[PDB]
Amino acid sequence: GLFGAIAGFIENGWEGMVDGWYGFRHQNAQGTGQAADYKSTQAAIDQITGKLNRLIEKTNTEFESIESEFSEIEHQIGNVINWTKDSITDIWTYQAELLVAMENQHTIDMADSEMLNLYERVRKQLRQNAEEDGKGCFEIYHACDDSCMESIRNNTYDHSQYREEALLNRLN
Amino acid sequence: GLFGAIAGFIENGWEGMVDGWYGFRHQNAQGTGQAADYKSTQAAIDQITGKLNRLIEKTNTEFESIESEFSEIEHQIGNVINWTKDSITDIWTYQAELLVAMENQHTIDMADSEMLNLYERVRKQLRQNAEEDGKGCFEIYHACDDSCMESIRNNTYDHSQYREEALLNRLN
Amino acid sequence: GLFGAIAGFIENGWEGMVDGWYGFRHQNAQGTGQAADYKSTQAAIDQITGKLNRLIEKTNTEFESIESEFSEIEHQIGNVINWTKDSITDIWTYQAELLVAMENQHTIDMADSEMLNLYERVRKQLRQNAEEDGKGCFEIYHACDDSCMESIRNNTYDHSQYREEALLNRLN
Amino acid sequence: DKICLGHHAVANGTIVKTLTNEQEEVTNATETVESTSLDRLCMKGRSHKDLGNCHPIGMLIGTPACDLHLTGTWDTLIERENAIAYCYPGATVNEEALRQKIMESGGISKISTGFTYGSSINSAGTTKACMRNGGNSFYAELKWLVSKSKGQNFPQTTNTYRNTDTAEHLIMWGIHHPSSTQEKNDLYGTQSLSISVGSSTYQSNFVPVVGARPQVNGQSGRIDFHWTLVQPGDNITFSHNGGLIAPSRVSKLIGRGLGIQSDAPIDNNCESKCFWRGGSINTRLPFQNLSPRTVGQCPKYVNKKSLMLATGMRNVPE
Amino acid sequence: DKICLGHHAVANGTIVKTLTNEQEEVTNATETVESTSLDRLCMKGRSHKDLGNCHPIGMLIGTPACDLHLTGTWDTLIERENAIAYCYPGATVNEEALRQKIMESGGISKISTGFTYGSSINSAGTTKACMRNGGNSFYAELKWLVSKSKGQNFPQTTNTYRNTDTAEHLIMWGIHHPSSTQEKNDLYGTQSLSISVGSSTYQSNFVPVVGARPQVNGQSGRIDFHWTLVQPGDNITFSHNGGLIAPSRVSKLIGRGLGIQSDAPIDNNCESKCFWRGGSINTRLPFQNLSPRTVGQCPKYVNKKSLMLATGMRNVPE
Amino acid sequence: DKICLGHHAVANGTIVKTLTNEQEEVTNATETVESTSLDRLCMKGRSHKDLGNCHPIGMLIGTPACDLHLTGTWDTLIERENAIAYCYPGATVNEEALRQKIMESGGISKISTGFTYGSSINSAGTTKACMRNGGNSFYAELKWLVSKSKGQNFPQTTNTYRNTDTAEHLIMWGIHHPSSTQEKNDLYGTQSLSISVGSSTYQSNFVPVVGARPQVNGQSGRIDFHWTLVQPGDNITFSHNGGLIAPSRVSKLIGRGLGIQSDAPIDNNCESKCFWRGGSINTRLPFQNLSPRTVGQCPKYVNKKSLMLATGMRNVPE
Ligand SMILES: *[C@@H]1O[C@H](CO)[C@@H](O[C@@H]2O[C@H](CO)[C@@H](O[C@@H]3O[C@H](CO[C@H]4O[C@H](CO)[C@@H](O)[C@H](O)[C@@H]4O)[C@@H](O)[C@H](O[C@H]4O[C@H](CO)[C@@H](O)[C@H](O)[C@@H]4O)[C@@H]3O)[C@H](O)[C@H]2NC(C)=O)[C@H](O)[C@H]1NC(C)=O
Ligand SMILES: *[C@@H]1O[C@H](CO)[C@@H](O[C@@H]2O[C@H](CO)[C@@H](O[C@@H]3O[C@H](CO[C@H]4O[C@H](CO)[C@@H](O)[C@H](O)[C@@H]4O)[C@@H](O)[C@H](O[C@H]4O[C@H](CO)[C@@H](O)[C@H](O)[C@@H]4O)[C@@H]3O)[C@H](O)[C@H]2NC(C)=O)[C@H](O)[C@H]1NC(C)=O
Ligand SMILES: *[C@@H]1O[C@H](CO)[C@@H](O[C@@H]2O[C@H](CO)[C@@H](O[C@@H]3O[C@H](CO[C@H]4O[C@H](CO)[C@@H](O)[C@H](O)[C@@H]4O)[C@@H](O)[C@H](O[C@H]4O[C@H](CO)[C@@H](O)[C@H](O)[C@@H]4O)[C@@H]3O)[C@H](O)[C@H]2NC(C)=O)[C@H](O)[C@H]1NC(C)=O
Ligand SMILES: CC(=O)N[C@@H]1[C@@H](O)[C@H](O[C@H]2O[C@H](CO)[C@H](O)[C@H](O[C@]3(C(=O)O)C[C@H](O)[C@@H](NC(C)=O)[C@H]([C@H](O)[C@H](O)CO)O3)[C@H]2O)[C@@H](COS(=O)(=O)O)O[C@H]1O
Ligand SMILES: CC(=O)N[C@@H]1[C@@H](O)[C@H](O[C@H]2O[C@H](CO)[C@H](O)[C@H](O[C@]3(C(=O)O)C[C@H](O)[C@@H](NC(C)=O)[C@H]([C@H](O)[C@H](O)CO)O3)[C@H]2O)[C@@H](COS(=O)(=O)O)O[C@H]1O
Ligand SMILES: CC(=O)N[C@@H]1[C@@H](O)[C@H](O[C@H]2O[C@H](CO)[C@H](O)[C@H](O[C@]3(C(=O)O)C[C@H](O)[C@@H](NC(C)=O)[C@H]([C@H](O)[C@H](O)CO)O3)[C@H]2O)[C@@H](COS(=O)(=O)O)O[C@H]1O
Ligand SMILES: *[C@@H]1O[C@H](CO)[C@@H](O)[C@H](O)[C@H]1NC(C)=O
Ligand SMILES: *[C@@H]1O[C@H](CO)[C@@H](O)[C@H](O)[C@H]1NC(C)=O
Ligand SMILES: *[C@H]1O[C@H](CO)[C@@H](O)[C@H](O)[C@H]1NC(C)=O
Ligand SMILES: *[C@H]1O[C@H](CO)[C@@H](O)[C@H](O)[C@H]1NC(C)=O
Ligand SMILES: *[C@H]1O[C@H](CO)[C@@H](O)[C@H](O)[C@H]1NC(C)=O
Ligand SMILES: *[C@H]1O[C@H](CO)[C@@H](O)[C@H](O)[C@H]1NC(C)=O
Ligand SMILES: *[C@H]1O[C@H](CO)[C@@H](O)[C@H](O)[C@H]1NC(C)=O
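Residues numbered from 1 in each chain as written, not as in the entry; some residues may be left out. Chains lettered and ligands numbered in written order. Heavy atoms only, no water. Residues with missing side-chain atoms left out of burial classes, pairs and counts.

Per the deposited record, X-ray crystallography is how this structure was determined, to a resolution of 3.20 Å.

Now the structure itself:
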């Protein structure tokens, strides 16, 4: 996409991810893992909610019938009204298709950005202890246990602990 | 601009590339060669086609005569039609001006990122076998010939084969 | 936001910085100071001044009186005028709100772009001489005097001058 | 020894239209154009007045079917199809300009004209078209004035209505158009007839049209109606030698109400702000594809059936 | 041992307008506003009728010019400037409403009323204003009624048209207005004159007025026209003692078409969906700068000469 | 050994609306809707003509208040509240349509008609309503036509105006309606009354109305004005037998003007290009919320009190 994360370098999303919108799928000596992220999901949710908020904001505009339903109206004004109404319709029909399409484009790319913003948050946190995979993962060059990967997600990970360990593993 | 690839960290574009929109140029021991990536260009080209399909759509909303173009209409009712015809025109002019101004901005920033996406795609292939200059070019630290340059463009690149040779030249 | 710089990986800027929109704060053995960037500051203002001048332009669609402020209007046609004028006001009130929301959403992400682009310029320049902490601050693995910090700001910074020196600190 | 990143995905996605693609598949999306219509007039918390068989103009003249609705107070007035306004053949000069004025009003107050007639005038004119109780009658708010005896010329009579109220009263009167020269002489006489209406803003003369016509309700003769509004402290003077359908009461509109033209049944269980010919529109979203013509606080009409706004990201299947 | 990434560019780029920039250079662009007009009327596939010197109203009454347009069907109607409908000086009441109604039709049909008259009536009264083959004629779908004896009184004749068709019909009749006070006496008689038209929906009386005025086409007199619609099953009755121009045929409008007011050459090799005063507009672009007044499936008129939509990346010079 | 990056922010930030956030704090923002207006007419660089106590329509007929500006040229025209239009009670048919033509024009000229009459006709008829120097006077551009002696009959009069100029002129006439049958025979005669106006481009018949009615300005009789435009080269004829006042000189509307209607002090130090009934609007901003009724070149009216545009970036507290 625009930010090139969703459907970009990451092949696809996870159909098992039910507890959130964005998450992690880690593998180590102990076994597998799957846990979602709050900030990234909530940033996507909070922005859609406020985008839906403008939509349902109803106008207090009172209109009354100028075109009679059952009885007949004068033929010349009857063309004027038919023209004006159809011209107003054309404005609101095209305008609607524009808004829907415009808000559709920005939201998809907005959700794409918060994916990339999380990837960039993990890359900078792992500093020089991990190298980039290419498919959206991170190759950790030190023994990172189940509580170690949690310290990344908790945003408490310190590279100074595994700096000497990972660097030597990268270079043999 | 928004993504700083076109008119950003890259000085200028190459005015000789006819095959595609985005591409790479290599400088090895055998010489220089011109090749444009097919997949990265289509993503941008197809996105423009979708905009051109949106503006050829048939507005079959038919209108008919309300003002006599030969004879004269009554003054009061004719004056209101003028006010209405001008207001709809004044709206549609502002609608046409906004659509163009916005859509263009989006296409500029669309193409700005569509090569940054290619830039990050190649970056992840080479990983630690090349370094960034700032001008928008990757300098390879290993011996990469024409068949090697082929794999980087063709995406059939494997960095495991060239990992050891590169991580010797870098740290010296 | 979109580029995750402002209110993203940079916690916050500086209120004391009045001489620019984007700036540098240096930390070394001599002391601490501040110097603002001019290139990315103007690059953000040029986008804004373009927008600011794009709406203050007044078109000359001259509208003439159709309703009398003192004389009585015919009731049947008065409703036709009222129905159109309320509809027109509703289109313009809608267009005025959508524009403000559109332009404010675009300007807020435009500023995120020039902050990220300034960050991406310095990152590629320092190359191997530095490492990013993730808080929006580059750490060089050598000593920089006031001339060494001014050289990154003037964009004239040679990475090969401190290549082996800073590469030594990184491995011990 | 690796930590991965990625988004969530669903099995069945929702198709949306973008600037670049009209076949985009997001995870989840919602509708913005209403297609649902309640075929009921939602009148909860609303003092509505159904007219059934009466047409709004009948309220001011007194049609037998509109006898129930000659007075009241409302914030909403409901009008139906096939609603009768004229028991006896005829119409009203700019009747639409009058009808929507009644649909904008929020109540009708009736006030007597105080018209006294001479000995030679039979103020009790009736017709088989206007039936009350079972027998023949006339428009409730009006009086047919004919000669007391056949042939005798209708006397030059001057009738004046005067305003005292602070507001403005709407006065109505009719002109009878006879079906033949032989019949014309029976009702008013052989003399040339002229009905002159005078006020301070309105002056107009009427001459009764006499001639053969097709049978409507069982009659060839017709009565057309005329209307004007008199200001406070202003007087309206009539001068006629026959043909005038005199006003016995004047109308006065109280406040402002809502005017609905729908044939749908009424319901007090729901409440609505938006109505059309097929019922009520109850929705929060700003678009609808039901009808171009609506009344009240309403979503704007669009030509498209469905328009989906995306709430989720791109849907990429596994 | 080096690989650089980049993009393509061109020398002379196109300038476009942006949100943030007035002057922006791109590699490619395309127009959205239509400036190019076609000075022809494209009638391919369309079954059309060019009236020429004749006016649409003249088809109903039978003005000499439209002797070839009295009956026929079309899907497009073309009207030309300075058209002719009145050989004899006069005007039709509510003309524009009548005019548009004919233009809002797709064919005209005619059925003879067959009104019969007495021995003292001359129906073949003709004028030298409506010349046909050199000799004097009158509107083909109307007959001028005068007394057979110059000076004597015109009979109190009554005529009624029957509508026995499933669809509605249009009827027209003419009212004479003399130039001298001796014309009524020599053509209709010395007696008082009145014309009563009656139906279930419409009825009116209008007297022929005498007065001196300027001469149009050599003629000092006036013949004005009136029209109404006759509902299926309903009848229309004329009570007249002269001064009336009775119809010899009625008219029934068929289906629908498209009415264009344009002075432009017809092209049968060309096809189009929008038309204006100066011809046709053929395009796929959504906007135009030509005319606000257009008909048919037509793109939206904007008050700007050109607005270009970029179809390539930002052009960077060397 | 460290270099940091950042972005400036203020202590007192302002709030703006976006697509995703209702309340977003920015470093700086400016208003896009004009709320302030000066209650003064800015007339710098404009050759304005202030109407004052007189009405626009009073210029064409000759109201005693329009004596200072029967002719004259301008670019803009200002109308005031409670402006005297008619001294003698009555109204003009299509009053607003006539008013708008004067507000469309940038100057009025007067061209003499040259209407002479017989010995039986008196053109020196005047009224007590139109006060001139504490006497009895009539409209400046019209002359009341009555019979010379009290009780006489008015003769059949034929008057013709000739349009020889290259531009069309505005002819104005009025039909007098007597307050009684005894007044109708007093100065117009016992004869049957009918007034006819006939030309090539316009023709219509008018008949006066009798009957008692309230005294406006101390007068029961009323004059209703009618108007048409005589095309260049054409000739208009008035065929009347009594009850019509004749034009002494017709009006020529030249150029284009501006129609302003407000009651506010005139200021010649300021210059504005848009006005409303409250004052004038001087703004660059594309939107306004003061009044939906404006004239000239204006920003578009909106219902929003405030819409702020982000001049700065995302304000983060530091
Ligand atoms: C609603 O708005 C429309 C336009 O948007 C108006 O329609 C125009 O009406 C004006 C008159 O008000 C017309 O313009 C005038 O035409 C006169 C006759 O010229 C004819 O012939 C020439 C041939 O060269 C044609 O170009 C022209 O179209 C006409 O067919 C002229 O006498 C006038 O000229 C005067 O003004 C011009 C320009 O300001 C100056 O040179 C001089 O001052 C000159 O005296 C003038 O050009 C025009 O025909 C109408 N246009 C259209 C497209 O219909 C309506 O009037 C308006 N409705 C209102 C106000 O009720
Ligand atoms: C098309 O649009 C125009 C403009 O919107 C309408 O014109 C309005 O007409 C209505 C009449 O229905 C006017 O509203 C009435 O105003 C009366 C007095 O107004 C004065 O006081 C106000 C102070 O608020 C001033 O702003 C104003 O300038 C006047 O000096 C009130 O007396 C009326 O109240 C009535 O209703 C209440 C209901 O609570 C009852 O108590 C009484 O029955 C009472 O009579 C009413 O509010 C309005 O002023 C006009 N607009 C303007 C700008 O002046 C047309 O009517 C409209 N056409 C339609 C709808 O067909
Ligand atoms: C302003 O806009 C309105 C709405 O668009 C127009 O009103 C329409 O007028 C047309 C033409 O009279 C109507 O179309 C007719 O529909 C009849 C069917 O009856 C009902 O069915 C429709 C749905 O199909 C319902 O909406 C509605 O309840 C109708 O009452 C047909 O019987 C008619 O066919 C006739 O003509 C054909 C020739 O084309 C003959 O072959 C047939 O024998 C038959 O006589 C016709 O198709 C339409 O129903 C009206 N709509 C509404 C909402 O009133 C106005 O005409 C327009 N004003 C203008 C142009 O001045
Ligand atoms: C067998 C037969 O032909 N029936 C005879 C009838 O012709 C006639 O009564 C009928 O015809 C007359 C006129 O020819 C009336 O229209 C009458 O209907 C009324 C009506 O109800 O509308 C009766 C009213 O009393 C009358 N109103 C008044 C007082 O003016 C109106 C009025 O004439 C019209 O409205 C005017 O346009 O008409 C109808 O029933 C009777 C004789 O009755 S009559 O003396 O009243 O004429 O005889 C039948 O045998
Ligand atoms: C100069 C002079 O004195 N010569 C006399 C002629 O002016 C006059 O004939 C002409 O004048 C009359 C009006 O007096 C008409 O305008 C007449 O034209 C027609 C017309 O074409 O419209 C002729 C028609 O035949 C006639 N239609 C019928 C059948 O009624 C109409 C009609 O009368 C008018 O429209 C009514 O207003 O008029 C034109 O020929 C003749 C008149 O005498 S004659 O008819 O016996 O020949 O006398 C000349 O001396
Ligand atoms: C105390 C009181 O009641 N006042 C008496 C007056 O009513 C009366 O004169 C007044 O009434 C007459 C009609 O009865 C007139 O309206 C008259 O005003 C004028 C006017 O408008 O200026 C006088 C003009 O001379 C006259 N114009 C002409 C030449 O026709 C018009 C004219 O009548 C109407 O405009 C036609 O509709 O009216 C007004 O002053 C006098 C007696 O005067 S009278 O002999 O004229 O009757 O007595 C007062 O005491
Ligand atoms: C109405 O009549 C009264 C007398 O009943 C009178 O005082 C008043 O002036 C008249 N009203 C008008 C507007 O002339
Ligand atoms: C009109 O008269 C005809 C016969 O003359 C008749 O069949 C028809 O019923 C009449 N029309 C109406 C509406 O009664
Ligand atoms: C740094 O020096 C260069 C000259 O090479 C000049 O362009 C630039 O403006 C200088 N920057 C400052 C902050 O003085
Ligand atoms: C999909 O579910 C989400 C969350 O419950 C909601 O926002 C959205 O409206 C749903 N879509 C539909 C069509 O109900
Ligand atoms: C732009 O120009 C190119 C030629 O390089 C052509 O292929 C293309 O059709 C053009 N596109 C538009 C939209 O004009
Ligand atoms: C904010 O300050 C800047 C710089 O002085 C200026 O451009 C802008 O107009 C100011 N806005 C407000 C509302 O003070
Ligand atoms: C106006 O009337 C007279 C007729 O004698 C003449 O000068 C002129 O031809 C007439 N004008 C027109 C347009 O017929």
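Structural notes on the overall build of chain D
Within chain D, the secondary structure is distributed over three helices and 29 strands. Its C-alpha atoms put chain D at 120 × 45 × 40 Å along the principal axes. (Helix = DSSP H or I, 4+ residues; strand = E, 2+ residues; numbered from the N terminus.)

Some words on the overall build of chain A
Counting its regular elements, chain A contains five helices and five strands. Along chain A, from the amino end to the carboxyl end, the secondary structure elements read α-β-β-α-β-α-β-β-α-α. Structurally, chain A occupies a C-alpha span of about 95 × 25 × 25 Å along its principal axes. Contacts in chain A between residues at least 24 apart in sequence constitute 58% of all its contacts with a sequence separation of at least 6. (Contact = heavy atoms within 4.5 Å.)

Some details on the sheet that holds strand β20 (residues 235–240) of chain E
Residue and element names in this part refer to chain E. Taking strand neighbours across the sheet as the criterion, the four strands line up as β15-β20-β17-β18 in an open arrangement whose pairing is antiparallel. A single partner strand is all that each edge strand has here, and the edge strands are β15 (157–162) and β18 (203–205). The average undirected angle you get between the axes of adjacent strands in this sheet is 10°. When strand β17 (residues 195–199) meets β18, the two strands line up antiparallel, connected through three bridges. When the bridges of β18 are listed, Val 197 appears paired with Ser 204. (Pairing = 2+ DSSP bridges. Axes fitted to C-alpha atoms, helices over the stretch in contact; angles between N-to-C directions.)

Considerations on the side chain of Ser179(D)
All names here are of chain D. Take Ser 179: it is sitting in the loop between β15 (169–177) and α3 (181–187). Side chain to side chain, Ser 179 and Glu 183 meet in a polar contact 2.8 Å long. Setting aside its immediate chain neighbours within four residues, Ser 179 contacts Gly 211, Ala 212, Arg 213, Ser 220 and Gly 221. (Polar contact = N/O pair within 3.5 Å; in protein donor to acceptor, adjacent residues only side chain to side chain.)

Details of the site of ligand 7
Around ligand 7 sit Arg162(D), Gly233(D), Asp234(D), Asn235(D) and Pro214(F), and that is every residue in its neighbourhood. Neighbouring residues of ligand 7 are distributed over chains D and F. At 3.3 Å, a side-chain N or O of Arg162(D) approaches an oxygen atom of ligand 7. Here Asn235(D) contributes a side-chain N or O atom positioned 2.4 Å from an oxygen atom of ligand 7. When the free accessible area of ligand 7 is taken as 360 Å², the share hidden by the protein chains comes to 44%. (Near = heavy atom within 4 Å. Areas by Shrake-Rupley, 256 points an atom, 1.4 Å probe, with all protein chains shown as cover.)

Remarks on the interface of chain D and chain A
Note: interface size is frequently given as the accessible area lost on complex formation between the parts. The partner chain A presents 67 residues to the 57 residues of chain D that form the contact. Looking at the side of chain D that touches chain A, the elements with two or more residues in it are β1 (2–7), β3 (24–26), α2 (95–104), β22 (258–261), β27 (295–297), β28 (300–301) and β29 (308–310) of chain D. No other element matches the six residues that β1(D) contributes to the side of chain D that touches chain A. Taken together, the residues that form the side of chain D that touches chain A break down as 23 nonpolar, 16 polar and 18 charged. Examined bridge by bridge, strand β3 (residues 62–63) of chain A and β27(D) share two bridges and lie antiparallel to one another. Bridge assignment links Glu62(A) to a residue of β27(D), and that residue is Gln297(D). (Nonpolar A, V, L, I, M, F, W, Y, C, P; charged D, E, K, R; others polar.)

Comments concerning the site of ligand 3
Close to ligand 3 lie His75(A), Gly78(A), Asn79(A), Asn82(A), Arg293(D) and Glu104(E), which account for all nearby residues. In this structure, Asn82(A) approaches ligand 3 through a side-chain N or O atom, which is 2.3 Å from an oxygen atom. If ligand 3 stood free it would expose 1100 Å²; the protein chains cover 21% of that surface. In the shell around ligand 3, the residues fall into no nonpolar, four polar and two charged.

Some thoughts on the environment of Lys49(D)
Within the fold, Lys49(D) resides in strand β7 (residues 48–50). Spatially, the C-alpha atom of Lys49(D) lies 16 Å from that of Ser272(D), the residues being 223 residues apart in sequence.

Details of the state of the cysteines
Residues and elements named next belong to chain E. Taken as a whole, this structure holds 18 disulfides over all chains when the rule is applied. The disulfide that involves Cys 42 links it to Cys 270, with 2.0 Å between the sulfurs. Where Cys 42 bonds to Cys 270 through sulfur, the torsion about that S-S bond is close to 75°, and the disulfide is right-handed. Of this pair, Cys 42 sits in strand β6 (residues 41–42) while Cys 270 is found in the loop between β24 (266–267) and β25 (274–276), placing the two residues 228 residues apart along the sequence. Taking the relative accessible area as the measure of exposure, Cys 42 reaches 0% and is therefore buried. On the accessibility criterion, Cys 270 (14% relative accessible area) is buried. (Disulfide = S-S within 2.5 Å. Buried < 20%, exposed > 50% of the residue type's maximum accessible area, 1.4 Å probe, protein only.)

A look at the pattern of salt bridges
One pass over the full model with this rule turns up 74 salt bridges over all chains. For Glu67(A), the salt bridge identified is with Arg293(D), shortest N-O distance 3.2 Å. On the criterion of chain membership, the pair formed by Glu67(A) in the loop between β3 and α3 (75–125) and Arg293(D) in the loop between β26 (287–288) and β27 is interchain, its members lying in two chains. What makes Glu67(A) buried here is its relative accessible area of 11%. Assessed through its relative accessible area of 33%, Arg293(D) is described here as partly exposed. (Salt bridge = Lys/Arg side-chain N within 4 Å of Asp/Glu carboxyl O.)

Remarks on the domain arrangement of chain D
Residue and element names in this part refer to chain D. With domains assigned, chain D is organised as domain 1 (1–46 + 265–318) and domain 2 (47–264). Computed over C-alpha atoms only, the centres of domain 1 and domain 2 are separated by 49 Å. Each partner contributes residues to the interface: domain 1 has 15 residues there, and domain 2 has 14 residues. Of the roughly 1100 Å² buried where domain 1 meets domain 2, counting both sides, 66% is carbon and sulfur surface. Among the residues domain 1 hides against domain 2, the three largest losses belong to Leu 41, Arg 46 and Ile 266. Together they make up 48% of the total. Put simply, domain 1 and domain 2 have zero salt bridges between them. Linking domain 1 to domain 2 there are four residue pairs in polar contact. The class makeup of the residues in the side of domain 1 that touches domain 2 is seven nonpolar, four polar and four charged. (Domains from an automatic or database assignment. Buried area = accessible area lost by both parts, 1.4 Å probe.)

Side note on the interface of chain E and chain A
Listed as interface residues are six residues of chain E and, on the opposing side, five residues of chain A. Across the contact surface, chain E and chain A share one salt bridge. One salt bridge in this structure joins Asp90(A) and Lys300(E), with 2.6 Å as the shortest N-O distance. At four residues, helix α2 (residues 95–103) of chain E tops the list of elements feeding residues into the side of chain E that touches chain A. Tallied by class, residues from the side of chain E that touches chain A come to one nonpolar, one polar and four charged.

Side note on the pairing of strand β20 (residues 244–247) of chain D
It is a general feature of regular strands that their side chains alternate between the two faces of the sheet. Residues and elements named next belong to chain D. Residues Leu 244 and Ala 246 of β20 are buried on one face, and the alternating residues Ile 245 and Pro 247, pointing to the opposite face, are buried as well. Where β15 and β20 come together, two bridges link them in antiparallel fashion. Along β20, the bridge assignment pairs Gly 174 with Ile 245.

Some details on the UniProt feature "coiled-coil region" (unreviewed entry) in chain A
Those residues carrying the UniProt feature "coiled-coil region" (unreviewed entry) are residues 38–76 of chain A in this numbering. Its end C-alpha atoms 63 Å apart, residues 38–76 of chain A is made of 51% helix and 5% strand. (UniProt positions renumbered as here; feature names shortened; annotations may be inferred.)

Here we look at the nonpolar core
Grouped together as the largest cluster of nonpolar side chains are 58 residues, with contacts concentrated most on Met102(A), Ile91(C), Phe287(E) and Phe287(F). When residues of this core are traced back to their parent elements, those giving at least two are α3 of chain A, α3 (75–114) of chain B together with α2 (75–126) of chain C. Here the element with the most residues in this core is α3(A); it accounts for 13 residues. When near neighbours in sequence (up to four residues on either side) are disregarded, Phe287(F) contacts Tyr94(B), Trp92(C), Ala96(C), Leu99(C), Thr32(F), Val33(F), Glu34(F), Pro299(F), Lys300(F) and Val302(F). Counting residues in hydrophobic clusters, the runner-up holds 48 residues, among them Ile102(E), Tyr161(E), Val197(E) and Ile223(E). (Core = buried A, V, L, I, M, F, W, Y, C linked by side-chain atoms within 4.5 Å.)

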